[PDB]
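Below you'll find only one chain, the form deposited in one PDB entry, shown as structure tokens.
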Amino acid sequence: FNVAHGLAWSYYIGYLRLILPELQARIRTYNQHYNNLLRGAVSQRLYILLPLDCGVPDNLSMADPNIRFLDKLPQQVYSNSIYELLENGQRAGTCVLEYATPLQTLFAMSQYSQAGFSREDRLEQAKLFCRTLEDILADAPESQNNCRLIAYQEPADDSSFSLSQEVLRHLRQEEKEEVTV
């Protein structure tokens, strides 16, 4: 009995498979403007946050102030937000960013006692969700190329973890890949 299998399949079949095709077009279009205006550029892949603690806030900035809402992405109806990632108040990157909503479900199950679903269970299913979704996107056509999964475990407490730094690590790796190959 693994809820993560179905959660992952539903998240792909009912959301990602449908939104990802439009995305590279929406982003190229926006980048025309963003470039001519702020000489910037938004990455072309959807960045999906997978906090293994299943903590999904209502606004990204609350999880890190160095992640700042920049703009809504226009459509070619799905709502997507571009964020700028800051370092010392200086813009270091930009990307379309959002949390994997199914993890909220996991969280809620852990707070729903009739479910008999512990925090241990919840973490286990979060990792399985990440794995299953990786596997799905691996066999998927151009969907894998259109997004990147950012899975992370935050420290038990009082340790220097920056979500913005994790995302920037991924963005910089993506650019390195793009220019070297």
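Take the two forms, superpose them, and find the largest set of C-alpha atoms that agree within 1.5 Å; that set is the rigid core. Shifts are known only where both forms have a C-alpha. Note that residue numbering follows the sequence shown and begins at 1.
Visitor: Would you say residue 156 is missing from a third or more of the other compared entries?
Guide: It is, since residue 156 is left out of at least a third of the other entries that model both flanking stretches.
Visitor: Can you say how many deposited residues have no coordinates in the span between residue 76 and residue 77, choosing none, 1 to 3, 4 to 9, or 10 or more?
Guide: Per the deposited record, the segment joining residue 76 and residue 77 lacks coordinates for 10 or more residues.
Visitor: Looking only at CA atoms, which has the higher mean B factor in the entry: 47-55 or 144-152?
Guide: The deposited B-factors put 144-152 ahead on the C-alpha mean.
Visitor: May I ask you to compare 84-92 and 67-75 by their mean CA B factor in the entry and name the higher one?
Guide: Mean B over CA atoms: larger for 67-75.
Visitor: With respect to the C-alpha temperature factors reported in the PDB entry, which of 132, 125, 31, 118 ranks highest?
Guide: Comparing C-alpha B-factors across 132, 125, 31, 118, the maximum falls on 31.
Visitor: When the modelled residues of the chain are sorted by Cα temperature factor, does residue 165 land in the lowest, middle or highest third?
Guide: Middle third.
Visitor: Is the Cα B-factor recorded for residue 16 in the lowest, middle or highest third of its chain?
Guide: Residue 16: CA B-factor falls in the middle third of its chain.
Visitor: Relative to the other modelled residues in the chain, which third contains the C-alpha temperature factor of residue 179: lowest, middle or highest?
Guide: Middle third, going by the recorded CA B-factors of the chain.
Keep in mind that the form deposited in another entry is not shown, yet the notes after this line are about it.
Visitor: Relative to the superposed rigid core, does residue 34 relocate between this form and the one not shown - that is, does its Cα move 2 Å or more?
Guide: Shift at residue 34: 2 Å or more after core fit.
Visitor: Based on a C-alpha change of 3 angstroms or more, tell me if residue 37 and residue 94 lie closer or farther in the other entry than in the shown form.
Guide: Residue 37 and residue 94 sit closer together in the other entry.
Visitor: Closer or farther: how do the Cα atoms of residue 170 and residue 34 compare in the other entry versus the shown form, where the change is at least 3 Å?
Guide: Note: Cα gap between residue 170 and residue 34 widens in the other entry.
Visitor: So if I superpose on the core and keep residues found in both forms, which blocks of at least 3 in a row have all their CA atoms moved by 2 Å or more between this form and the one not shown?
Guide: Runs shifting 2 Å or more: 33-39, 114-116.
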